[PDB]
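Engineer: Sharing a structure here in structure tokens format.
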Amino acid sequence: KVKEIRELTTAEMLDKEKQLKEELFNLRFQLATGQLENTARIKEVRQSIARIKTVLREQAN
RNA sequence: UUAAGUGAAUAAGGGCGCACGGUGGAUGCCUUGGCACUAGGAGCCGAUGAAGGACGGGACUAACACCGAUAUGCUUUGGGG
């Protein structure tokens, strides 16, 4: 879904990176204490972070 | 009845033949891996950090294969359904 990450600016990029890293922290705390019905969301967040970082590399030459 | 004479059978265990089992992995058939070559490519990598490794990445992950904090994967151009 890079078609939306290419509809933004390099400031909102770093903003959503902050948000997703925080989401990963909270997911990682759910999985340990006996919660988190939907365990497939940990991979999804990793991959959205990967996408933002590649797209930011591409545009700054 | 008494004398003189002749005397089988009976296996604690063993042998030979036969019948059925147990152990053990020979023989037959088979291939997932090898051996000797032919024709074609290629004949170097490295301070822009190598060859080879250590430690990590999975919902559960001891091991092997893959990958490197963007970690069981990210973008892009083509194929395929």
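Order determines the names: the first chain of the structure tokens is A, the second B, and so forth; residues in each chain are numbered 1 upward, and ligands are numbered 1 upward as they are shown.
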Distance table requested - chain B against chain A, cut-off 8 Å, only C-alpha atoms (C1' of nucleotides): one row per qualifying residue with the closest atom pair and its distance in Å to one decimal, ordered by chain and rising residue number, as JSON lines.
Structural biologist:
```
{"residue": "B:59", "atom": "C1'", "partner": "A:39", "partner_atom": "CA", "distance": 5.9}
{"residue": "B:70", "atom": "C1'", "partner": "A:50", "partner_atom": "CA", "distance": 3.9}
{"residue": "B:74", "atom": "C1'", "partner": "A:50", "partner_atom": "CA", "distance": 5.6}
{"residue": "B:75", "atom": "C1'", "partner": "A:54", "partner_atom": "CA", "distance": 6.9}
```
Engineer: Name the residues of chain A that fall into alpha helix (DSSP H) according to DSSP on the backbone, using the chain letters and numbers of this document, as number ranges by chain.
Structural biologist: A: 2-5, 10-32, 41-59
Engineer: Kindly give the distance, in Å, that separates atom CA of residue 7 of chain A and atom CA of residue 19 of chain A, rounded to a single decimal.
Structural biologist: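 Between atom CA of residue 7 of chain A and atom CA of residue 19 of chain A the gap works out to 17.5 Å.
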Engineer: Could you jot down the atom CA of residue 3 of chain A to atom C1' of residue 72 of chain B separation for me, Å, one decimal place?
Structural biologist: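 Answer for the atom CA of residue 3 of chain A to atom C1' of residue 72 of chain B separation: 25.1 Å.
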Engineer: Can you pull out the residues contacting residue 20 of chain A? Cut-off 9 Å, using only C-alpha atoms (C1' of nucleotides), and skip same-chain residues under 2 positions away; I want them as a list in words.
Structural biologist: residues 15, 16, 17, 18, 22, 23, 24, 25, 45, 46, 48 and 49 of chain A
